[PDB]
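A, B, C, D, E, F, G, H and I are the chain letters, set down in written order, and residue numbers restart from 1 in every chain.
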Amino acid sequence: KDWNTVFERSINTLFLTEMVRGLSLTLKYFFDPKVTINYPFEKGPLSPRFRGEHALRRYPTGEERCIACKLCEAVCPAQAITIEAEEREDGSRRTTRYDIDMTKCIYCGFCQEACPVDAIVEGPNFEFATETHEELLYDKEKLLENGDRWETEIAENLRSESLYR
Amino acid sequence: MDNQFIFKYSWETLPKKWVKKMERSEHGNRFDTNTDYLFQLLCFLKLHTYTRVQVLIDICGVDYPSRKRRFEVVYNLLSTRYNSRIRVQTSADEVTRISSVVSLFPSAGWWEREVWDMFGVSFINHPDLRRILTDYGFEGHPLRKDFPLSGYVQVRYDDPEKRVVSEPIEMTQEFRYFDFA
Amino acid sequence: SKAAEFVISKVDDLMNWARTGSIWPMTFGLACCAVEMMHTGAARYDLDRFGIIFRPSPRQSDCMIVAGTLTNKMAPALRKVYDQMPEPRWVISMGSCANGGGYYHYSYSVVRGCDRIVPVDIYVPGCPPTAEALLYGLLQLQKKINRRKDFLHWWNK
Amino acid sequence: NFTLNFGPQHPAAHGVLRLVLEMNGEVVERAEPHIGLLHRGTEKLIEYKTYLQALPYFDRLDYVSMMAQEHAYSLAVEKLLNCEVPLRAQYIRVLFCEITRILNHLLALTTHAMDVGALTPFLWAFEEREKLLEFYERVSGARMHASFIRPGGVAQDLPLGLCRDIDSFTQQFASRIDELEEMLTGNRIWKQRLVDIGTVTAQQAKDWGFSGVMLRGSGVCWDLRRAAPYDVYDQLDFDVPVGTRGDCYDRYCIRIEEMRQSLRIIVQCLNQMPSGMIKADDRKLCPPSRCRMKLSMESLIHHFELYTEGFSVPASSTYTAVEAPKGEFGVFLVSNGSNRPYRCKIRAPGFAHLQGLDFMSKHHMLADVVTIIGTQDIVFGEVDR
Amino acid sequence: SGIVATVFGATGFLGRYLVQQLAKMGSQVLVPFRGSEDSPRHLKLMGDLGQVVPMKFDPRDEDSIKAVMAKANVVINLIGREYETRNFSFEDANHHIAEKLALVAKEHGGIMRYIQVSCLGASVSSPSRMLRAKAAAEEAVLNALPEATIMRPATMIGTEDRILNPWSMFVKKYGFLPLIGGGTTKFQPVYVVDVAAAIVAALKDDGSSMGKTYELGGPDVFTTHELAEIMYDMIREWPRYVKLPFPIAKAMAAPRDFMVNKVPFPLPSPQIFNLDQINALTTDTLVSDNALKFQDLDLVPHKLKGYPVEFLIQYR
Amino acid sequence: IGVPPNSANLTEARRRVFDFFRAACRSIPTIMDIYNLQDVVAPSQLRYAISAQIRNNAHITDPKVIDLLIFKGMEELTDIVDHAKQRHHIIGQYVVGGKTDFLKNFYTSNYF
Amino acid sequence: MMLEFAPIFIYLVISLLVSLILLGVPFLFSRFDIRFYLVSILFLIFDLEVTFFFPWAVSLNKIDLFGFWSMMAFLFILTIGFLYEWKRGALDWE
Amino acid sequence: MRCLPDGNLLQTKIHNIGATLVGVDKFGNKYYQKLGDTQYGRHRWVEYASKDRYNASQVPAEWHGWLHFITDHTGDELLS
Amino acid sequence: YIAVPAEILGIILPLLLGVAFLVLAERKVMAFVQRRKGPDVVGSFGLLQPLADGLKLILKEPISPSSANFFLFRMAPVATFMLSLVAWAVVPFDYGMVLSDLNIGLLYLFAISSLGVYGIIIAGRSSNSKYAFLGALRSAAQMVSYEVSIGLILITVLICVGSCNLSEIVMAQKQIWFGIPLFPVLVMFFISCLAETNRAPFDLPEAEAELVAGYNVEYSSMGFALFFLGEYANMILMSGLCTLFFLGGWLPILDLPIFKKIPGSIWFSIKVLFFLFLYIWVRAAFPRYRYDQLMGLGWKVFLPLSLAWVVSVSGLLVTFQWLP
C-alpha cells in the first residue's frame, strides 16, 4: 500500500514489538503486593448469613427449642433429616431421634427457614472434615453439642439477621 | 409476527389433514399433528416464506400412562426471522416408530437419541440411534413413570474380581414418599 | 534397643516431613466441587505455597481429590486411574456428592459415595465445601500422614 | 484411520470430557463426544420434589452460572402461576444475572487461555471471581449455590452496604478487563491459535441450534434480553456485539465485550435500584416474615403449608427461555395441578454446542480441538443433567 | 446375620476373600492389624458403613488381643508365615500366636465358633519346619478349644498368590523356570475363593463342623511341571524348564535361612528358593481319603483353568 | 444404516430376525476373545442361548413388537461387544459358563 | 594435544554413577507419517552444512577470497535444494 | 526457632511486626490487627498458642466471627 | 588425576543444588507475577521445598510397566540426565576456571546437543503407549529442527572468533560483547534455546490439556525426576551459553577498575541469572504454539535468518579484513 506502512509492519513483525507489552505488564505485577491469605493464621471473609455446619439450639433455661414439628424433615430437598418423637415424661413434645446425614445434605438452609422456633440452624463453622463417613452421620446429641459450642456466635448472627427475615 | 397472525395464517395455508388441534394461548401457540404428517409439517414451517421456522430448540417426551398412546413428543421451534416460537406435538406408543427430523434439523440427532434413551420411542431414518445418557447396557427407560426412581441396579468395586460390578439395589434408608395431597 | 528406636523415629519423621511437604494431587474434577477446588489452587489460597502441585498423570500423583458426583458410567474410569497411582497414595472425598451421593443419592445413575469404589482417607463436607474447607481437609490429610511409622513397622516385620 | 480416545479425567479440559477422534496424521477427520458421565437423573428427581425443593437442582446444571438457571426456573413457575414480581426484586435479579455473566465469562475465557498455554490470566481473573463470590455469599450465605432467586422474587433483601461494595468493584473492573485483553487480544501467538479456527456460518448455527455467543459470532444479531425481554431488561441500555468471521477469535472478542456490557448493566441497576418489597405479596405462595409467623395465625398456617406441601400450580404447560451466559437456557415445564412438577425438560445450550463439535472441528489440527471446546464453553452438568 | 467376627491375619492373601464373603452374609467383621494403617485399607470398601472395622493390636501383647476380641462371638485365625524373620521364627509365627489367641478366646468366654486355618501337609513328621509348627498349633488350639474347627487348604491360587506370581516374575526376568524336584511332586492346588467359601460354610452350619479338621484340595491333582504349563498357556510365553536337583536348590536357599537370625537388619522374603518350602516339595501333599473334603461342606471346588488363573493375563 | 421403517408384515420381520441372528452368531469369536472364555464355555452354547432367546418369543405375531425386540437385541449385542463389562460367569444378562420347590422357598424366606 | 579429554571421561563415569545411585535407591525401600522422514532428511542436509562450515569458519583468515566464494557456491547449490523443498511443501506441517 | 522449618509461622511473625494485640482467648491464642489496607483492609489474624500442632479448629466460637470478619465484636465483647 | 574426581564433584553437586533451586525460583517468580506467594511453608520462605520434593520422589515406589523394553525404559532418563551433566565439563566460569579446556569445545557442545534427542525418542518408544510415542516423535522433530539454527548461530560466533575454544570465545569479547553488533542473532539464539529445551512457548510435553501427551507420561519416581532434572540443567546451560557467546562470559560490563574489583565468576553468574529470569518471564507471559506452527517457524524463519547472518558476517569481515 505504501513503503512506510509496509516497513513499519515488517519491523513490528521482526522485532516482536507486541510481545514486549505482555512482558512489561507481567513484570509490573511482580513488584505489587500479593493477595494470598496466610491460612490458617488468616482467614477469608464470611457473612452472618453463611450456611455452614447445622446445630440444634436450646433456650437459655437449658430446655431444647426443637418441638419435633417435622417441618425441616418435610422441606429438606435431600431427605437428609430423620426424626422420631414422642411425649416426654413431663408431657413435652420432644425428639427422641434427630439425625442429619451430612453426606446427603446440600447445605441449602431450607431447614433453618422452615423451623418455627429457631431450633435448627446452619452455623458459621466450615472446618469439620473427618477421617470416616460415620462421623458425618450426625445424631441429636452431636447437634446439641454443636449448638452449645457455637451458641454465642449463632445468637449474634441471629440478632444481626432478624432485620431481614 | 405475533401469535394471532401465526394462528390465523396457519389455519388459512396449511393442508387441513396435517393439524388435528390448534391452541392459541399466552403459554404458547401449539399445533397437534398425526405422526405420519410431522415431518412434512416441520418442513413446511421451516421452508415457507411467511413462517421461516429455522431453529429446532428441542425435542422432548412426556409420559401419560393413562393414555393408549402414552408418549407425547413435543417439538419446540423458533423463528429468528420473525422473532416467534412454535410448539408442535404428536403422540406415540411403545412400539410405533415415528419419523426422524435430522435431515431437516441436524440439532435433532442428539435430542432423538435422548427421547429413545429416556422413553423408548424410536425414530425412522435416524442415522445413529443409540442411548446417549445412560450407562452402557442399561435396561429400561428411566423417564417412564413406572420406572423406579432409584432404578434396579447399583455398582460397587469388587476386590475378588478386581473390578467395578453391578448388583441389584439395596437401600440403607429407602426413599420416603411424603404425600401432602 | 535404646539407640535403634531413636534413629528409627528420626527416619520416620524425615519420611513424614517429606511426604507432607510435597503432596501432588491429581484432581478428578467431576462437577461443581471442581470449581471451588480451582479457587483453592488460585491466588487467594495458593495451594502451591503448601507444596501442593496438581499433576496431570496418576503416575506422578500422591493424592486423588474426588470433586463432584460420581456416576455409574464414570466409576470404572475412576477406579482404573486410582489403580495407576504409585504408593504411598491417599484419596480425599470432596463434597456431598462424592461423600455419599448428596442431592443425587436416590438417583438410578449415581454411585452413592466414592468410598464404594476407592478407599477414602479424608471426607470434606459441603455442597460445595468452601475453598478454605478444602484447605482444612488437606491439613487433616497432613495430620494423618504424620502418624505414619513405615520404617518402624517394617523393622519389626 | 487411527482413533485417539481422549478423556481428560481432570478439570483442565472439563473433567468428564470424553472424545473419540478419527485422525489422518495430525488432521482431525471426525470428533465424536461420549457423554452421560455426569448424567445424574435430574429431570427424574425433579418430578419427586415440590416446586420449592426442585429449585436447588437448577444451581447444579451449569454450575458456573448458578443464578441464571435459578432465574429461568422461577420465571417459568411465575409464568404458570401468573405471579407479579415487585420491581426491586426484578432489579436485584437482573443485577445478579449480570454478575453471573461476568463470573461465567471470566472462568470460560481464562480456562480456555490456560488450555492453550497462557497461565497468568487465570489467576488474575479468579481473584475478581472471588470478589463476585463474596456478593453471592453476602446475600445468600453461599459462595456458589445461592438458591437466592425464587418464584415470586428473591429469598432475602440485600444487606446494608452491599450496593456500595458492588459500586467499588465496578469502579475498577474495566482495568482488569483491559489487562486480560492486553495479555491476549493483540498477541500474535493468541491470534494464531484462534483466527479462522472453528468457523461457523449463520446457516450452520441455525441448523445446529446454536445460541448465545455461538450464534452471535456468525453475524446473527440475536439476544433474548432484547428479542424476548424479561424483568427490567427493557429499561436498560446495553449493546449486543456480533461477529463478522464466525471463528474462535470473534467469539473471544464477543465475550470480552459482553463483560463490558454486563458492567454497564450492573452500574445502571445500582443507580436505578428502587425501594420496596423483594417478595410478591400474594399470601398463598410466599413465606411470611419470621415475626408475622410468630404473631399471626394466618401467617403461621401459610408457613406450615408452604414448607410442608408447597404451593400448587394449575394444570398447564409452557416453554420459558432466558439468555444464560452460555446461550439460550430453557425449561419445558408441565404441571398437572398438584404441588410437584409433572415433567421438567431442561434445554441446555451446551447440549447443542457440543453436538456441533463434529462439524466445527473437521479438518483441523489435533491441538485445535481443545480450542474449539473452549470456545463452546461446555459444562457437563447442563449437558448431561 | 448377627455374627461379629474377629478375623486375625486378614491383611494377607486369603483375608480379603474371606472378609468379602463374611460381609456378603451380613456379618460384622473386625480386622486386627499390627503395622501400618494402610495395610487394612483395601478391606474398608467391603461391606456396608461400619460393617468392617480395622483395629490396631500387637501380637506379643495379651491386652491388645482381648481388646480386639472383646466384642466378638466368632474368631477366625489366619496368621502364619512360610519364611522366617529375625523377629519371628517359624514356631513363633505359626504356633505361639495361635495358641495365645486360643487361650484368650477361652478366657473371653463368648466365642461360639473358633476357626483356625492350617496347611494341608501339617504334621509332626514333616520336613518343613513351618508344617511341623502348624501341626503343633493345631494340637494346641484343639487342646485349648476342643470345639474349634480346623481348615487345611492346599497351595492357594489367586491374584495375590505366592506360587504362580513368583514363577511368572522369575520367568519374565530370566527367561526360564526352575523345577526344584525335577517337576514331579504332586499337590492339589485350590482356588482361594473356594477356601473362603469353605470357611464361611463351616461358620454357617447347624453346628456339625465343630471339632473337625477339613482338608480342602482343588478338584484336580497336578505335578509342579503340569502347573508351570497352565502358567505358560496363560502367559502366552515359550516354556523352558531347567532341572534343579534338591541339594543344589537347598544350597541356593541356604544363605537367607543361615544369616536371617544373625544379621541385625531385615532381609527380603524368599520367592522360589525358600528352604522350608523346598523341603516340603520332597513329599507329595494330597487330600486324604479318610478326611473331610469340600464335600461334607456341600461345596464343589472350582477348577483352576480359566477364571482362577485369569490374573495371569497381566503378564502377557 | 438408519433406523428402518416398521416391518409391513411377518415375512419381512422374520427376515430381519434371521439377519439379526446371523450378526449375533458371527460375533461369537470376538466375545470369546474379549471375555476370555476358552476354558469356561463352548461357542455353541452361546449360539444355543441366542437361539433360545429367539425361540422363547416365537409366539409374537405383531411385526412392530418383533422390530422393537430386534432393535433392543442389536443394542444389547453392541454394548456386549463394544463396551464389555466383564463379570465372571455372566455376560450382559446371561449366566455363562427330594423336596419340592415350595419347601426350599419356605426355608429361604416368607416372600416367594 | 588430547590431554584435556581425560577429565571428560572421568566426568562421564561419575555422572553415570550418580545416575545409577539415584535410580536404584527407590528399589530398596502402525501409522507411518512420511513428514518425520522428510524432517530427518532436511536435518541431515543442514547438519552436513554446519559440519562443512566449521573448518571454513576457522580458516577464513588463510583462504581469503577464493575460499569465501567456494563456500558461497556450495551454499548456493544447497539453497537451491532448500528452495525446491520449500516450494514442494516439505516445510509445511499442516 | 520454629521459623526455620515452619515457613507458615514465619509469615505470621513477619506480619506481626507493627501489629496491635486485640486479645487472648482461654487457650492462649493471640489475636492481632493492623488497621491498614493491603487485602482491602482485612488485617486480622491469630497466632496460635501451640507453635507446633496448631489447627484452625482451635479458634473458639467467641473469636471465630471476629477472625472471619463476620462481626466487628472481639471475643471479649461477645463474652461480656 | 587423583584430584580430578574432587573437581568433578565440585561441579556436579552444586549444579544439582542449583537445579533444585531453579525449580523453586520458577515457582516463586510465576507466583509473584500471578499476585500469589508460591512455596513459602516448607522451610522459611519455602527454601526447604526442593529437598522435600526430592525426598518424596525417592520414597515413591517405582512402577516399571509390563513392557517388552524393560532395560530401555529405565535407561532413557539416565541418558538424558548424563548428557545434561556432561556439557558442563567445558564451560568456563572465569579465566582458568574450567574442567576441560577443549580446543574443539564448540563442536563438542553441538555434539552433546545433537545427542540429547535419544532419551526422548527411546522413552517414547519403550513406554508401550501410542500417545507417548507420538509426543516423543513430535518433540524429537522439534529439537532437531531448532538444532540447525543453533549450529548456524554457533558458526557466526566462530567466524568472529576464529577458534572453537570457549575461553577464547570469551576473551575475544574484551573489545566489545558480541551481543551488541549481533543483537538479532542473540534474540534468535535465545528463542532457539527455548525451542530446543522444550520450554514455553514451545513446551509440547506440557500440553496434556491440549490432548498432546508428553514423552514422559508413563514415568514415575526417579526416572521422571531424572527427565525433569536434565531439562532444568539444560535450561541453566543454555543461559550459560547465551552468556558466553554474546555477553562476554566472565568479563565486566566496562573495562574499569571499579568493575574489575568484583570477580569474574560473579559477572558470569549474574548474566546467567538474567537469562534464567527471562526463561521464567517468557513462560509467564505467553500462550504456546501448535506443533505445526512451531515447525514452520523453525524451518521457514530461523534457518533462513541464521544462514543470512552467517553470510553477512563472513562477507563483511572478509571485505574489510577484520578476521581474527
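Convention: a contact is a pair of C-beta atoms (placed from the backbone, for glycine too) under 8 Å apart; a residue touches a chain by one contact, two chains touch by 3 or more.
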Practice problem: Specify the chain with the shortest distance from its C-alpha centroid to the centroid of every protein C-alpha atom present. | Solution: C
Quiz prompt | Chain whose mean Cα position lies farthest from subunit H | solution = F
Practice problem: Provide the C-alpha centroid distance between subunit A and subunit I, rounded to the nearest whole angstrom. | Solution: 48
Self-check item: Centre-of-Cα separation between subunit F and subunit C, whole angstrom
Solution: 43
Exercise. Would you mind pulling out the distance in Å between where the CA atoms of subunit B average out and where those of subunit F do?
Key: 29
Self-check item: Inter-centroid spacing, subunit H versus subunit D (mean Cα positions, whole Å)
Solution: 39
Quiz item: Using the touch rule from the top of the page, what residues of subunit D touch 2 or more other chains?
Solution: 2, 12, 26, 36, 39, 41, 44-45, 56, 120, 123-124, 127, 145, 183, 187, 308, 365
Quiz prompt | Contacts with 2+ other chains: residues of subunit G | solution = 33, 93-94
Practice problem: Specify, in ascending order, the residues of subunit H that touch 2 or more different other chains. | Solution: 8, 11, 55-56
Quiz item: Quick one: in the complex, what on subunit I touches subunit G?
Solution: 1, 4-5, 7-9, 11-12, 58-62, 74, 77-78, 81-82, 85-86, 89-90, 99-103, 107, 110, 114, 137, 141, 144-145, 147-148, 151-152, 154-155, 158-159, 162-164, 221-223, 225-226, 291-292, 295-296, 299-300, 303, 307, 310-311, 314-315, 317-318, 323-324
Quiz prompt | Residue ranges of subunit C touching subunit H (in the complex, touch as defined) | solution = 136, 139, 143
Exercise. Name, in rising order, each residue of subunit D that touches subunit C in their complex.
Key: 7, 9-12, 14-16, 36-42, 44-45, 56-57, 60, 63-64, 107, 122-123, 126-127, 129-130, 133, 143-145, 380-381
Quiz item: For subunit H, which residues are in contact with subunit A within the complex?
Solution: 8-9, 11-12, 15, 38-39, 42, 44-48, 54-57, 61-62, 64-65, 67-71, 73, 78-79
Quiz item: What part of subunit I is in contact with subunit D in the complex they form?
Solution: 30, 33-36, 130-131, 200-201, 203, 206-212, 283-293
